[PDB]
Structures are given as structure tokens and as C-alpha cells.
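S.K.: Below you'll find the structure I mean.
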Amino acid sequence: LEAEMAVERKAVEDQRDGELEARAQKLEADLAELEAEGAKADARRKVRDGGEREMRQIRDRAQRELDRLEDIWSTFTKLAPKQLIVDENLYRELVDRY
């Protein structure tokens, strides 16, 4: 069970890393295009702030997914009778997955 959950964690973290890499590559391409335009300093700062906020939001969503999976893992390992799951979404995830 530890081995199968470890490979599952590897797969989920690998798809998270792939999403991060793809988003970072797209953002870098957009930044390169903007730099090629050579816009004003104000425009450069505006677009840089927009891209940085987009990357922060992407990382926030990735961390949300990661901590959701970590909560799933902790609950599965720290599982015993008389345990309540208020959030039906978490219980649905557990039953659908394991």
C-alpha cells in the first residue's frame, strides 16, 4: 500500500510539475514577446506584475491540490473508526480513489 500510494503521489506530483512547467514556459514566452516589443518602463512593470500575479495564482492552485492530496494521505494513514468527515467532497474523493 505504501508503494502504490508512493507511485500515485509520484504521478500526481509529476502532473503538477508538468502543469507548472507548461505554465512557466507560456509565461516566459509572453514575457519574451513583450521584451521584444520593448515597451515603456510603465508598461513593462504592468505586464511583469500581471505575469507574476498569474504565476503566484498558479502556484497557489498547485499548492491547494498538493495539500488536498496530503490531507487525503493523512486521513487514509490516520484512519480509525469513529472519525467524522464534515466536507463531503473529501469523503467523495476518498471513496472514488480508495
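Within each chain, counting starts at residue 1; across the C-alpha cells, chains are named A, B, ... in the order shown, with ligands numbered 1 upward in that order.
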Using only C-alpha atoms, determine which residues lie at most 8 Å from range 54-62 of chain A, disregarding the query and same-chain residues fewer than 2 positions distant; provide the list as a short mmCIF file (atom, residue, chain, number, x, y, z; two decimals) with C-alpha atoms, in the first residue's frame.
M.R.:
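Output file out-v4.cif follows:
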data_model
loop_
_atom_site.label_atom_id
_atom_site.label_comp_id
_atom_site.auth_asym_id
_atom_site.auth_seq_id
_atom_site.Cartn_x
_atom_site.Cartn_y
_atom_site.Cartn_z
CA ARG A 16 1.62 19.07 -11.08
CA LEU A 20 3.88 24.20 -13.60
CA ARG A 23 2.50 27.47 -17.46
CA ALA A 24 6.00 28.80 -16.76
CA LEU A 27 4.57 32.92 -19.26
CA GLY A 50 0.39 40.75 -14.19
CA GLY A 51 2.56 37.77 -15.07
CA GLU A 52 3.93 37.49 -11.54
CA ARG A 64 -4.14 23.75 -2.95
CA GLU A 65 -4.10 20.49 -4.92
CA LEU A 66 -0.95 19.32 -3.12
#
S.K.: With DSSP run on the backbone, what are the alpha helix (DSSP H) residues within chain A? I'd like them as a PyMOL selection string.
M.R.: chain A and resi 2-37+41-77+88-97
S.K.: Could you turn the residues from that selection into a file that holds C-alpha atoms, as a PDB file, in the first residue's frame?
M.R.:
ATOM      1  CA  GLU A   2       2.855   2.390   0.759  1.00  0.00           C
ATOM      2  CA  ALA A   3       4.450   1.513  -2.586  1.00  0.00           C
ATOM      3  CA  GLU A   4       1.252   2.027  -4.592  1.00  0.00           C
ATOM      4  CA  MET A   5       0.418   5.277  -2.798  1.00  0.00           C
ATOM      5  CA  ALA A   6       4.015   6.425  -3.308  1.00  0.00           C
ATOM      6  CA  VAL A   7       3.808   5.832  -7.055  1.00  0.00           C
ATOM      7  CA  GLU A   8       0.412   7.575  -7.053  1.00  0.00           C
ATOM      8  CA  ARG A   9       1.993  10.520  -5.224  1.00  0.00           C
ATOM      9  CA  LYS A  10       4.785  10.450  -7.799  1.00  0.00           C
ATOM     10  CA  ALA A  11       2.226  10.583 -10.617  1.00  0.00           C
ATOM     11  CA  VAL A  12       0.225  13.439  -9.082  1.00  0.00           C
ATOM     12  CA  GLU A  13       3.364  15.437  -8.281  1.00  0.00           C
ATOM     13  CA  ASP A  14       4.676  14.764 -11.797  1.00  0.00           C
ATOM     14  CA  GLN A  15       1.494  16.061 -13.422  1.00  0.00           C
ATOM     15  CA  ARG A  16       1.621  19.067 -11.082  1.00  0.00           C
ATOM     16  CA  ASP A  17       5.230  19.670 -12.137  1.00  0.00           C
ATOM     17  CA  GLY A  18       4.245  19.311 -15.788  1.00  0.00           C
ATOM     18  CA  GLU A  19       1.460  21.858 -15.384  1.00  0.00           C
ATOM     19  CA  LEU A  20       3.875  24.201 -13.604  1.00  0.00           C
ATOM     20  CA  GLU A  21       6.472  23.779 -16.358  1.00  0.00           C
ATOM     21  CA  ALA A  22       3.925  24.361 -19.131  1.00  0.00           C
ATOM     22  CA  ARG A  23       2.503  27.470 -17.460  1.00  0.00           C
ATOM     23  CA  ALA A  24       6.004  28.798 -16.763  1.00  0.00           C
ATOM     24  CA  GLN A  25       7.026  28.202 -20.382  1.00  0.00           C
ATOM     25  CA  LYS A  26       3.942  30.032 -21.660  1.00  0.00           C
ATOM     26  CA  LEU A  27       4.570  32.920 -19.257  1.00  0.00           C
ATOM     27  CA  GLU A  28       8.231  33.090 -20.292  1.00  0.00           C
ATOM     28  CA  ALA A  29       7.220  33.155 -23.961  1.00  0.00           C
ATOM     29  CA  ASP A  30       4.795  36.011 -23.275  1.00  0.00           C
ATOM     30  CA  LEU A  31       7.482  37.905 -21.348  1.00  0.00           C
ATOM     31  CA  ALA A  32       9.958  37.359 -24.189  1.00  0.00           C
ATOM     32  CA  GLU A  33       7.434  38.706 -26.698  1.00  0.00           C
ATOM     33  CA  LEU A  34       6.842  41.766 -24.515  1.00  0.00           C
ATOM     34  CA  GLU A  35      10.590  42.339 -24.154  1.00  0.00           C
ATOM     35  CA  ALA A  36      10.892  42.075 -27.935  1.00  0.00           C
ATOM     36  CA  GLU A  37       8.279  44.822 -28.202  1.00  0.00           C
ATOM     37  CA  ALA A  41       9.015  51.088 -18.354  1.00  0.00           C
ATOM     38  CA  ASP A  42       5.489  51.580 -17.008  1.00  0.00           C
ATOM     39  CA  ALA A  43       4.113  49.017 -19.466  1.00  0.00           C
ATOM     40  CA  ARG A  44       6.963  46.641 -18.627  1.00  0.00           C
ATOM     41  CA  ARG A  45       6.174  46.900 -14.915  1.00  0.00           C
ATOM     42  CA  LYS A  46       2.446  46.457 -15.559  1.00  0.00           C
ATOM     43  CA  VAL A  47       2.895  43.293 -17.621  1.00  0.00           C
ATOM     44  CA  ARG A  48       5.554  41.949 -15.246  1.00  0.00           C
ATOM     45  CA  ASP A  49       3.213  42.420 -12.283  1.00  0.00           C
ATOM     46  CA  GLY A  50       0.390  40.748 -14.194  1.00  0.00           C
ATOM     47  CA  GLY A  51       2.559  37.767 -15.070  1.00  0.00           C
ATOM     48  CA  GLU A  52       3.927  37.487 -11.538  1.00  0.00           C
ATOM     49  CA  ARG A  53       0.398  37.526 -10.114  1.00  0.00           C
ATOM     50  CA  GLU A  54      -0.652  34.875 -12.633  1.00  0.00           C
ATOM     51  CA  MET A  55       2.293  32.684 -11.623  1.00  0.00           C
ATOM     52  CA  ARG A  56       1.502  33.203  -7.931  1.00  0.00           C
ATOM     53  CA  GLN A  57      -2.113  32.184  -8.570  1.00  0.00           C
ATOM     54  CA  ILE A  58      -0.990  29.096 -10.497  1.00  0.00           C
ATOM     55  CA  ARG A  59       1.345  28.118  -7.658  1.00  0.00           C
ATOM     56  CA  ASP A  60      -1.453  28.749  -5.152  1.00  0.00           C
ATOM     57  CA  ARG A  61      -3.751  26.389  -7.058  1.00  0.00           C
ATOM     58  CA  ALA A  62      -0.963  23.808  -7.286  1.00  0.00           C
ATOM     59  CA  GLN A  63      -0.395  24.076  -3.529  1.00  0.00           C
ATOM     60  CA  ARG A  64      -4.144  23.746  -2.951  1.00  0.00           C
ATOM     61  CA  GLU A  65      -4.101  20.491  -4.916  1.00  0.00           C
ATOM     62  CA  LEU A  66      -0.953  19.323  -3.117  1.00  0.00           C
ATOM     63  CA  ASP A  67      -2.371  19.989   0.353  1.00  0.00           C
ATOM     64  CA  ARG A  68      -5.675  18.384  -0.643  1.00  0.00           C
ATOM     65  CA  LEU A  69      -3.767  15.240  -1.598  1.00  0.00           C
ATOM     66  CA  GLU A  70      -1.700  15.491   1.594  1.00  0.00           C
ATOM     67  CA  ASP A  71      -4.906  15.672   3.642  1.00  0.00           C
ATOM     68  CA  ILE A  72      -6.192  12.625   1.761  1.00  0.00           C
ATOM     69  CA  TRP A  73      -2.951  10.788   2.558  1.00  0.00           C
ATOM     70  CA  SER A  74      -3.021  11.772   6.236  1.00  0.00           C
ATOM     71  CA  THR A  75      -6.662  10.730   6.612  1.00  0.00           C
ATOM     72  CA  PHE A  76      -6.007   7.398   4.891  1.00  0.00           C
ATOM     73  CA  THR A  77      -2.988   6.716   7.110  1.00  0.00           C
ATOM     74  CA  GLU A  88     -18.483  15.622   1.753  1.00  0.00           C
ATOM     75  CA  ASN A  89     -16.049  16.482  -1.051  1.00  0.00           C
ATOM     76  CA  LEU A  90     -13.134  14.918   0.835  1.00  0.00           C
ATOM     77  CA  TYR A  91     -15.130  11.766   1.615  1.00  0.00           C
ATOM     78  CA  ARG A  92     -16.218  11.518  -2.024  1.00  0.00           C
ATOM     79  CA  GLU A  93     -12.591  11.842  -3.125  1.00  0.00           C
ATOM     80  CA  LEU A  94     -11.548   9.101  -0.703  1.00  0.00           C
ATOM     81  CA  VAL A  95     -14.266   6.679  -1.804  1.00  0.00           C
ATOM     82  CA  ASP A  96     -13.777   7.337  -5.529  1.00  0.00           C
ATOM     83  CA  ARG A  97      -9.995   6.956  -5.301  1.00  0.00           C
TER      84      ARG A  97
END
